[PDB]
Chemist: 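What follows is a structure written as structure tokens; I'll ask about it next.
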Amino acid sequence: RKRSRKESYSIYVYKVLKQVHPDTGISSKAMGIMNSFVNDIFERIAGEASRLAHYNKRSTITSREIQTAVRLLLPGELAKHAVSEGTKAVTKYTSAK
Amino acid sequence: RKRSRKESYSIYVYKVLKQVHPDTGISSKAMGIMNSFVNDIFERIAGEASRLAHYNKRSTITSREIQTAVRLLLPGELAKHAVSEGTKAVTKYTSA
Amino acid sequence: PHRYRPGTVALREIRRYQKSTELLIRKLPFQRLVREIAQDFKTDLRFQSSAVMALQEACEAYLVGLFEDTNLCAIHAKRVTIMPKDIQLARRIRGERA
Amino acid sequence: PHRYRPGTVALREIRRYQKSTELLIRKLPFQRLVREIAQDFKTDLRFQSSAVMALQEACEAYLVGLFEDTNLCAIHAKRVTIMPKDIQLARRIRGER
Amino acid sequence: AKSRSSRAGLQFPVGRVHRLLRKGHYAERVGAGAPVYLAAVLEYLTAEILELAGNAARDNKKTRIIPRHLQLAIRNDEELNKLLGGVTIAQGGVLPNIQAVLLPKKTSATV
Amino acid sequence: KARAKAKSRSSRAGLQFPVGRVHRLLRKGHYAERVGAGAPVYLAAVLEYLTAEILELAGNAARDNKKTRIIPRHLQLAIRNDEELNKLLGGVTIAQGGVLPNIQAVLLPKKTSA
Amino acid sequence: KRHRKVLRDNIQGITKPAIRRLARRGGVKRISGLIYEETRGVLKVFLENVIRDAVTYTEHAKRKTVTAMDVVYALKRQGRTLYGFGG
Amino acid sequence: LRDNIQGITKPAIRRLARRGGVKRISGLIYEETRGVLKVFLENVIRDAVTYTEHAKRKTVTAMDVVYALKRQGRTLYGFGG
DNA sequence: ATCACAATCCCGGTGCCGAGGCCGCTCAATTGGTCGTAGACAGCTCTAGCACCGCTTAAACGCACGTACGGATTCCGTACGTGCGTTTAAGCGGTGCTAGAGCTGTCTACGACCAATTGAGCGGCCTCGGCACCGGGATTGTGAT
DNA sequence: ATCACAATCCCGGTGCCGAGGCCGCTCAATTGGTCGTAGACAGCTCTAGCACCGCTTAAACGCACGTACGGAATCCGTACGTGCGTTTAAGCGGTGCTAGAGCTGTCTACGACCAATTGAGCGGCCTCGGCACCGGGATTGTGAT
Ligand SMILES: [Cl-]
Ligand SMILES: [Cl-]
Ligand SMILES: [K+]
Ligand SMILES: [K+]
Ligand SMILES: [Mn+2]
Ligand SMILES: [Mn+2]
Ligand SMILES: [Mn+2]
Ligand SMILES: [Mn+2]
Ligand SMILES: [Mn+2]
Ligand SMILES: [Mn+2]
Ligand SMILES: [Mn+2]
Ligand SMILES: [Mn+2]
Ligand SMILES: [Mn+2]
Ligand SMILES: [Mn+2]
Ligand SMILES: [Mn+2]
Ligand SMILES: [Mn+2]
Ligand SMILES: [Mn+2]
Ligand SMILES: [Mn+2]
Ligand SMILES: [Mn+2]
Ligand SMILES: [Mn+2]
Ligand SMILES: [Mn+2]
Ligand SMILES: [Mn+2]
Ligand SMILES: [Mn+2]
Ligand SMILES: [Mn+2]
Ligand SMILES: [Mn+2]
Ligand SMILES: [Mn+2]
Ligand SMILES: [Mn+2]
Ligand SMILES: [Mn+2]
Ligand SMILES: [Mn+2]
Ligand SMILES: [Mn+2]
Ligand SMILES: [Mn+2]
Ligand SMILES: [Mn+2]
Ligand SMILES: [Mn+2]
Ligand SMILES: [Mn+2]
Ligand SMILES: [Mn+2]
Ligand SMILES: [Mn+2]
Ligand SMILES: [Mn+2]
């Protein structure tokens, strides 16, 4: 027989799981929910980022559109922590040219 | 002098107003509401057509994505009439 | 004989069902209702088994949620008994109903 | 001499305000609240006057709608008088909390 | 028929809609038929509300449609009220509507 | 002039989530004509942060339920007991989640015993 | 082509106890006898609405098989986003 | 900018109630209504100001408010967009 | 309070199947390089946002007074919850059939990209008719009697 | 019933200014040509949806019975609507100041696109440890007394 390659975020969700709870697993259904969750928030932030660019007559989605999209979409503390992780990752990456 | 170009559906709203109520006019604010409406429904129909093409791995939005978008977005009779006017307008354009 | 006072078994049932996550409508009846309704829209539709399970998970969560709002409408009226007028108010305020 | 019975004027006021479209909050106290609230998120902000008018249109239409739902919660309890518990139930069911 | 609108039998601007569809981050490609169907749909919905709105104007002895007429037209039409259920019409007000239990008792007997 | 020891954009960013993947999904998504280099890094970092947050609370729910594996019920308990995750996912149904134990006070039986 | 039997009155397979169970999960202690037919009616409207959108996606894709994804996309349209079937 | 919430007067709230079909109003509604209004305005203005900052402006536009209301499921017609 | 007794809770034993690890092949992310253009930036204009003040007056305010509403109480009838024995059909595990999902390879109609052309639609300017606002004085609606 | 009297209606008058038309300049739509690949279309494999069937049970069902519920009916106290005189400040308008929005032009850093490259992540394949299920004791609450 053959295959049919379907991408999911499963390996990254496992890696992150291993970091926070090193002796915990996850059922395929729970992983299904985490995959739903990642796809959902992705679409929300990119969607909002698209509009932000369009509203401001800009051709390009930058980290700054992502940042503004995050403050609009996430509540309170979640937004603060999300922006720090975002800012830290972009600062680190731009040094690692 | 000369303000920056600000596009609107105003001339087309008036042309349709005159087909329907030739003796009727329209306030500036009412024309603002009608513009908001066209922009709103444009956004909703184009948005659905976008998702529809993507769910089906298509790079192109055809009148077929617009029709399905319209069936998902419009209630019952509005949809029947909207599909009819849309199909009629493609047909008559494909011929001429 | 032994006889529970009315409300005691109802309260046990709330504790048991709020503790579990299992689908509460029997599956075969749910699947025939899905096929009858779908048929009336288009004939000769098949269903992935998982499509019927997605509809059953969505329908059950919608109704569990509605019954919460409905309960709050009953209690608002100083009742303990949900009535169709409570469902109608919750649906009206939800924007599901005119 | 003579006086209208309680509720007779209130009916008349409903008929009057449901016939009309005019904004029912004095514009200048509304404008001060908007500015006061804005300052907590960003100091030395200006507003297009049409920006404050958009906010006033949106707030009064929301509150009118909330008052319709509140009224139905009051009548549901066999009352003719709206109370805070009525606003709270309408907002809980609207999913505003 | 130089203009796509005239070719389509439309008042609304097919060329403009085609441009907005292309510039609008909806797909890599837009078929020729798409902006005809969409323009047509937009005209039809515009006609439908301007028809009910014009009626409201005449009913209120006015020559000119104002926002109130648009609000009366939309909220009194089942399908339009459902389409625009999430929308506030600036300066629209609301439909006259008093709950039966709020009305006085009709004097109720004689005189 | 040897070029490569392959270095993931994820490793450059200090992330487990795939910067490569996320960039490609942003270029294929018809979101804008162009996507900057930082966009996918920031976005991948926000998706990682929120994942960590749900898995932290879900792991704890599993451990409370005497289980080593996270099930959807654990994700629902985590999400619905957290004010901000609950708001973020207020319009989302978790299949096989069930609900929080919650009985309105008035429904509880009258004062008994001592 | 055998043709499956005719489907009639299947709304009644949403039984009084199944509806009690749902109400219990929803925190309900006491249930008027008219609740069962009102619930059936509310459920029918919800199912018709989601199935209508889902079959519209199925038609658009030129299939005769309603996928989980057509239901998931139909739920999302209706503001009833469902996780766990290909979200 | 001290206590501008009380600028929303008992009578102004009573007018809004009237347009919403309300015949009789408890004395506690006025403070309840003020709380609800502040929460509504805080939520819409936070988002509007956020669009302002992203546009690197210092002036809140109608359009900022219209995008804010759209995000909150409170779409407003008559102010552009 | 002080019981018997249901129903739930908790425990370790049982055995089963899906979580999770390996493995090897492949598609997609990476490296490196070229080319053109979006937007950051710097400069300049004049819009419209803001401050401030005086007058006019309608709206807000607060206080008196009394009605009709909400809430507490008592009651009575039967709609519901509980539990019994009987009835019903879901669930399960099984085989048996093929429809249609979904993948590949082919290959041209169709939509992107482009240059050159011109008329549809935009802002500027102007005015006059629709409608807001008024008060004359008419009939209706509310409440006192 | 009668009888204010405030509200409501409709009327023609009147004076304001924005709807809507005319003009003429311009940029975005159209025309006609190129060129590349998206997707129709046909063919092929085989996953998974559907259908039939016979048990075994647990769930669904109808019915007896009663009690706690909901709703009807009454009474009492004051919250809240109405109307007044008094105070407040919104709205108006007109003047006077400058922030900064919104536009321009310049130049280059940055992201699209292309080729060559290789290992991250895929499905296939396998297994054994987590947990669903069980039966059997302890423990917890309810209802009787
Ligand atoms: Cl097309
Ligand atoms: Cl960037
Ligand atoms: K300005
Ligand atoms: K199949
Ligand atoms: Mn940890
Ligand atoms: Mn155990
Ligand atoms: Mn296996
Ligand atoms: Mn696996
Ligand atoms: Mn390997
Ligand atoms: Mn690689
Ligand atoms: Mn490079
Ligand atoms: Mn530029
Ligand atoms: Mn009463
Ligand atoms: Mn089977
Ligand atoms: Mn076949
Ligand atoms: Mn096929
Ligand atoms: Mn062509
Ligand atoms: Mn013009
Ligand atoms: Mn007069
Ligand atoms: Mn008259
Ligand atoms: Mn007149
Ligand atoms: Mn004009
Ligand atoms: Mn001309
Ligand atoms: Mn042209
Ligand atoms: Mn292809
Ligand atoms: Mn029997
Ligand atoms: Mn009672
Ligand atoms: Mn004035
Ligand atoms: Mn002024
Ligand atoms: Mn300056
Ligand atoms: Mn500037
Ligand atoms: Mn630069
Ligand atoms: Mn794998
Ligand atoms: Mn193993
Ligand atoms: Mn073992
Ligand atoms: Mn098992
Ligand atoms: Mn057991």
Side-chain angles (χ1 to χ4, degrees), chain A residues 1-7 11 14 25-28 58-60, chain B residues 1-7 11 14 25-28 58-60, chain C residues 1-10 12 26-29 46-49 79-81, chain D residues 1-10 12 26-29 46-49 79-81, chain E residues 2-4 13 15-16 18-19 22 28-32 62-64 110-111, chain F residues 3-4 6-9 18 20-21 23-24 27 33-37 67-69 112-114, chain G residues 2 4 15-17 30-33 63-65, chain H residues 9-11 24-27 57-59:
Chain A
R1 307 326 220 255
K2 328 276 81 149
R3 40 138 183 281
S4 178
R5 269 190 63 270
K6 16 99 178 75
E7 283 177 2
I11 60 198
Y14 257 111
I26 185 166
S27 70
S28 44
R58 292 170 69 94
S59 319
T60 320
Chain B
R1 50 263 199 276
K2 258 281 226 266
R3 343 283 297 203
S4 334
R5 265 180 63 80
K6 217 301 167 275
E7 260 170 33
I11 57 152
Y14 262 114
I26 186 172
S27 75
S28 177
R58 257 80 200 157
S59 36
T60 314
Chain C
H2 196 239
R3 165 143 293 221
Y4 284 114
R5 297 189 60 196
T8 301
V9 184
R12 290 214 303 274
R26 313 202 77 176
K27 286 192 191 197
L28 239 63
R46 282 175 198 250
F47 281 83
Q48 301 188 329
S49 52
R79 283 185 279 95
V80 149
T81 310
Chain D
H2 142 295
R3 86 195 332 251
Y4 286 115
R5 286 155 68 178
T8 290
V9 188
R12 191 153 71 233
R26 299 306 288 290
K27 309 228 197 311
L28 229 64
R46 287 179 225 298
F47 287 84
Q48 293 184 344
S49 102
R79 284 182 283 101
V80 155
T81 312
Chain E
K2 287 270 158 87
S3 105
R4 306 224 261 146
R16 190 174 280 183
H18 204 305
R19 168 197 107 215
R22 274 189 290 95
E28 264 274 287
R29 302 173 94 244
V30 184
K62 308 296 178 61
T63 279
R64 295 210 213 99
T110 52
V111 303
Chain F
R3 62 194 258 287
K7 167 139 210 204
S8 75
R9 291 204 262 158
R21 202 110 130 181
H23 203 205
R24 163 214 111 195
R27 275 191 280 87
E33 259 38 273
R34 11 191 56 204
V35 177
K67 309 284 189 80
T68 92
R69 260 136 46 178
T112 343
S113 66
Chain G
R2 261 82 244 294
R4 169 201 303 285
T15 55
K16 177 204 174 151
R30 210 163 179 278
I31 304 176
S32 134
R63 286 185 269 95
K64 306 185 168 195
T65 304
Chain H
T9 63
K10 170 175 166 187
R24 201 158 181 281
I25 307 172
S26 148
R57 286 186 265 97
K58 288 209 72 200
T59 304

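Numbers restart at 1 for each chain; the letters A, B, ... are given by sequence-line order, proteins then strands.
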Chemist: Categorise the sugar of I:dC11 by the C1'-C2'-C3'-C4' dihedral sign as either north or south.
Modeler: north
Chemist: What is the sugar pucker of I:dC80, north (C3'-endo side) or south (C2'-endo side), as given by the torsion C1'-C2'-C3'-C4'?
Modeler: south
Chemist: Are there over 12 heavy-atom neighbours, none belonging to B:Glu7, within less than 6.0 Å of that residue's CD?
Modeler: yes
Chemist: Any luck finding a side-chain donor-acceptor pair between H:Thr59 and D:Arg46 under 3.5 Å?
Modeler: no
Chemist: Taking the nucleotide of DNA chain J with the nearest heavy atom to each, does E:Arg64 or F:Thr68 sit closer to the 5' end?
Modeler: E:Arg64
Chemist: Can you name the residues that form a side chain to side chain contact (heavy atoms under 4.5 Å, CB included) with H:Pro11, not counting sequence neighbours?
Modeler: H:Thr9, H:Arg15
Chemist: Which heavy atom in F:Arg69 sits nearest to a heavy atom in A:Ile26, and how many Å separate them?
Modeler: CG-N, 3.4 Å
Chemist: Any base atoms under 4.0 Å from F:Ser113, or only sugar-phosphate, or nothing? Heavy atoms, all strands.
Modeler: nothing
Chemist: Tell which nucleotide pairs with J:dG91, taking only Watson-Crick or G-U wobble pairs whose two distances are both under 3.5 angstrom.
Modeler: I:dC55
Chemist: Can you tell me if I:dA1 puckers north or south, using the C1'-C2'-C3'-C4' torsion sign?
Modeler: south
Chemist: Along DNA chain I, 5' to 3', what are the outermost nucleotides having an atom less than 4.0 Å from a heavy atom of chain D?
Modeler: I:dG49 to I:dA144
Chemist: Shortest non-hydrogen contact from D:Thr81 to H:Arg24?
Modeler: OG1-NH1, 2.7 Å
Chemist: Within the structure shown, what part of the strands sits under 4.0 Å from B:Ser4 by heavy-atom distance: base, sugar-phosphate, or nothing?
Modeler: sugar-phosphate
Chemist: Using five base pairs at each end to define the local axes, how bent is the helix from I:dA1-J:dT145 to I:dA38-J:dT108, to the nearest 10°?
Modeler: 140°
Chemist: Can you tell me the base-pairing partner of I:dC84? Count Watson-Crick or G-U wobble geometry only, both distances below 3.5 Å, and say none if there is no partner.
Modeler: J:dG62
Chemist: Report the residues that fulfil side chain to side chain contact (heavy atoms under 4.5 Å, CB included) with A:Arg3, sequence neighbours left out, ordered by chain and then residue number.
Modeler: A:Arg5
Chemist: By nearest nucleotide on DNA chain J, pick out whichever of F:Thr112 and F:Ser8 is the more 5' one.
Modeler: F:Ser8
Chemist: Using Watson-Crick or G-U wobble geometry with both distances below 3.5 Å, tell me the partner of I:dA79, or none.
Modeler: J:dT67
Chemist: If you measure from the P atom in I:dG91 to the same atom in I:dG15, how many Å do you get, rounded?
Modeler: 27 Å
Chemist: With both distances kept under 3.5 Å, what pairs with I:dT74, Watson-Crick or G-U wobble?
Modeler: J:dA72
Chemist: So D:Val9, base contact, sugar-phosphate only, or nothing? Heavy-atom distance under 4.0 Å.
Modeler: sugar-phosphate
Chemist: Taking for each residue the nucleotide of DNA chain I bearing the nearest heavy atom, is the 5' side occupied by D:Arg12 or by H:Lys10?
Modeler: H:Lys10
Chemist: Is it the case that over 12 heavy atoms from other parts of the model lie below 6.0 angstrom from the NZ atom of B:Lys6?
Modeler: no
Chemist: Counting the atoms with a prime plus P, OP1 and OP2 as sugar-phosphate, which does D:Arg3 contact under 4.0 Å by heavy atoms, base, sugar-phosphate, or nothing?
Modeler: base
Chemist: Just by the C1'-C2'-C3'-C4' torsion, is I:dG94 north or south?
Modeler: north
Chemist: Applying side chain to side chain contact (heavy atoms under 4.5 Å, CB included), can you list everything that pairs with A:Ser27, at least two apart in sequence or on another chain?
Modeler: A:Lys29, A:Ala30, F:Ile71, F:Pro72
Chemist: Taking a pair as Watson-Crick or G-U wobble with both distances under 3.5 Å, which nucleotide is matched to I:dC97?
Modeler: J:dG49
Chemist: Got a sec: does the CZ of C:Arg5 have more than 12 other heavy atoms crowding it under 6.0 Å?
Modeler: no
Chemist: Could you say whether H:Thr59 or G:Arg30 is positioned toward the 5' end of DNA chain I, judged by the nucleotide with the nearest heavy atom to each?
Modeler: H:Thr59
Chemist: Distance between the P atoms of J:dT57 and I:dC5, in whole angstroms?
Modeler: 30 Å
Chemist: Using the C1'-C2'-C3'-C4' torsion, which pucker class fits J:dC122: north or south?
Modeler: north
Chemist: Among all residues two or more places apart in sequence or in another chain, which pass the side chain to side chain contact (heavy atoms under 4.5 Å, CB included) test with G:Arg63?
Modeler: G:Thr58, G:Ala61, G:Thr67, G:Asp70
Chemist: Please classify the nucleic acid contact of A:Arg3 as base, sugar-phosphate, or nothing, using heavy-atom distances under 4.0 Å.
Modeler: sugar-phosphate
Chemist: For F:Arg3, which contact category applies under a 4.0 Å heavy-atom criterion: base, sugar-phosphate, or nothing?
Modeler: base
Chemist: Contact class for E:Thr110 (heavy atom, under 4.0 Å): base, sugar-phosphate, or nothing?
Modeler: nothing
Chemist: Mind checking if E:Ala32 touches a base, just sugar-phosphate, or nothing, with heavy atoms under 4.0 Å?
Modeler: sugar-phosphate
Chemist: Decide yes or no on side-chain hydrogen bond (donor to acceptor under 3.5 Å, both in side chains) for F:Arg34 and A:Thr60, but give the supporting numbers first.
Modeler: CA-CA 5 Å; F:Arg34 11 191 56 204; A:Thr60 320; 4.6 Å; no
